[PDB]
Each structure stands twice: as C-alpha cells, then as structure tokens.
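A lone chain, given as structure tokens: the form deposited in one PDB entry.
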C-alpha cells in the first residue's frame, strides 16, 4: 500500500494536530500518522496549561502582561541559552495561537483562572476545562474529522524518503507488519514529541537520568523523529538538557496532577514527619529537596477543605484510583491514620501540623516562609500521597529556523522537511518553564503546517 498527500505529519500531539489543521485549511491534502493506538501523545496527558501574554483571560482578571516580559522570563528560565528569535516568535504568536484554539478548535478555557508557573513574572497560563489535555485533544480530534484530516493510528514512521536532490519527499511507515509508503508532495512535518521515555537516549545524553528515574510521559515518547532526521543529516542541539518534574509516582513515573493541591495549601512531609521545603518553591528546588530526604521521596498531605477549593481530586480521579491501588495514596480520617499508613512518626507529624495550623492562622510560616499562606489542616478527611521526581521533558532536539524548516549540520535548509514541538531543540534553552511547552507546540505546529502547505 502507498498513500500520497501534500503534507505528511508524523505525530498526533498538539504540534501535529496544529500542523494538520493548517495544511487542510490552506487547501492541501494532509494526513497525520500516529504510531500508538490512541491519539494525542504527551499533549493528551499534559496539564495543557498554556502561557500567553495578553490573553482575554488576563483582561477578565485585571492582569497586565507584556510580550517583552514573557520573552525575558522565558530566556532567563533556560539560563539565557534559548534562541532569542525562537522565543520571540513563540511569544509574538501566543495570543493568536490561543485564540485559534478557542475560536477554531473550540477548546474551552476557564475564563477566570490562570496559573503562574515558576519563572513567570505574572499569572499567564491559560487552563483548559478539566485541567488536562483531554479537552484539547478531544476538540482537535473532532475538528480534524470535520475538516477532513485523516489520522492513521498504529502507523509508525521509520524512515524519511530523500530524493537525489536532498529533498524529503515522503515517509516509510510500518502498519500491521507491513511497510506503507507515504508520498509527501509538499512537505513532511516531524511532530513526534520528546524522548523522556527512551532510557538509552536519556543515558547517552544525560547519564544521571538512568533507570533510577521513571518518565512522566507516554510510552511513545522515544525520540524517533530525532533519529529519523539525523539519518538524513539534520542537526540536533541541546540534547543533554532534560528536565524532571518533582511530584510523580514512584511506581509508574506518572505525574501527580492530583498533587497540584500543593498550590492550594497541601504540605510536603518527609518520612521523618517533617516539612523540609517551601511547597511553592521552584520545581527544580523541590526536586532536589525531595532527593535529599530519606528514601528520596516525599509525601503530599492535604484535607477536604483544600480539595473544596482546589478540586484536584475531583479533576484527577484516575490518578486517585491508580495511586491508591499502587499503595502510593491513602484517604484517611485523621492525621494519626495518615502517619500509620506510611510508617511516619506520629508525634513528629502531629507537631508539624500543629505548627502549620498556627502558621495558617497568622499567615506567617516560621519554618519555610510559604509565600501564599498555609491552610489549617486540623480536620479531615485527608489524602496523603507518596511522590518522587520523574523525567519529564527533553528540551533538546532538531535544529529548525523560525519557519520550522529543519537545518542540516551546516545550517542549510533541508527542503521539504519541517519540525515542531518537543522534538525541536532551540526554544527552551537549558530548562523549559512550566506552561511553555503548550505555547511552543501550538505556535510552531501551526507554522509548520502553513510552511509545509506552501
């Protein structure tokens, strides 16, 4: 079997969907090939919070922002190693990208909630309904079906097809044990995500991130797009810069979105029954703090009063069930029971929470200077979750220009080849800020589909 389309997109995450919808809208034929049996990749299981300076939600909330500040925040976050034009183009197109999600894809965002990720000077992360990428990918899928964008699941790209001029003119893919050739008349878009779930690639570029660490990502995040492009002499950069997320499942590696309760008053408790870091510190600080605790894990503890504001249990019931079945999470009536289930010294936990309750009442955390104010934890019920850092995002990847054209080892455009999303390596410097992956994948996914369609 062979197929022919104008634009062949590899991957059904936010970057690939954005490229596909733009290619179809330009009047071209397009397909997305997806190696998993389900669509959406890490974009699906993402929190999908998306930074935008100058959003309609900021206006609703009375929050002032500027592109200049979003750019400076972002460049600083990556230790000033990100490509300034890549960051500028991301920020310059972020409002349009989010309004396009709202108006064209019909993604629903909360009109009056924003998150301020570490490193951002103001609250600027839009929040999709449900606080996950489920809303985003489901709406993308509906819109793709409406406009006539086919998605071929269980179809694994294995090789880029390069003609004698050096132009990329298609993709060889595996489906049901056979090779299928996808001819691409105008362009191939690599939108395959990162390599957080490729242990050998992690160890090659960052030996510390070995089998001691899980991955927050899906099993398909294995760097295939980098490997396939390097075979035809695409350049890569920043491959060793790989970030972790602090509060993840010790068993599966999955992120614990349910533990976003720490932004609403949950406390981090070590095996000794003691707090050990400000719960609102930067994520890398929290990760290092946890790895310095006994056993290299923490507990996250909160009560019904916090859930009634935060809703992270209601919003992440699959995590609740999975973590509970894995023995990583308990719902308990009393702090004494919270200590018992995890062999935490009872007297120390009770003393810690007595202090927390006093700090909540005064607004002054005399142990760690909690920046927003603690919440009284004297009454339950309680959730207590065991968590540890897990590998989360690969900042490195393919070298592209701001038009998403992939460049070779001499900086020359590889004709017919584009790349967008976590597979690229020039936006985030040494360290991506929270909420900036979604901005990157939508902005550059759209550009890639536009450029491939030309």
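Rigid core: the largest C-alpha set superposing within 1.5 Å between the two forms. Numbering follows the first chain given and starts at 1.
The form deposited in another entry exists for this protein as well; it is not shown, and the discussion that follows is about that form.
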Requested in this report: Tell which of 78, 170, 273, 220, after superposing on the rigid core, has its C-alpha displaced by 2 Å or more between this form and the one not shown, please.
Outcome: 273
Requested in this report: Work out whether the Cα atoms of residue 281 and residue 238 come closer together or move farther apart in the other entry than they are in this form, the change being 3 angstroms or more.
Outcome: closer
Report task. Indicate closer or farther: the Cα atoms of residue 323 and residue 198, in the other entry, relative to the displayed form, with a change of 3 Å or more. Result -> farther
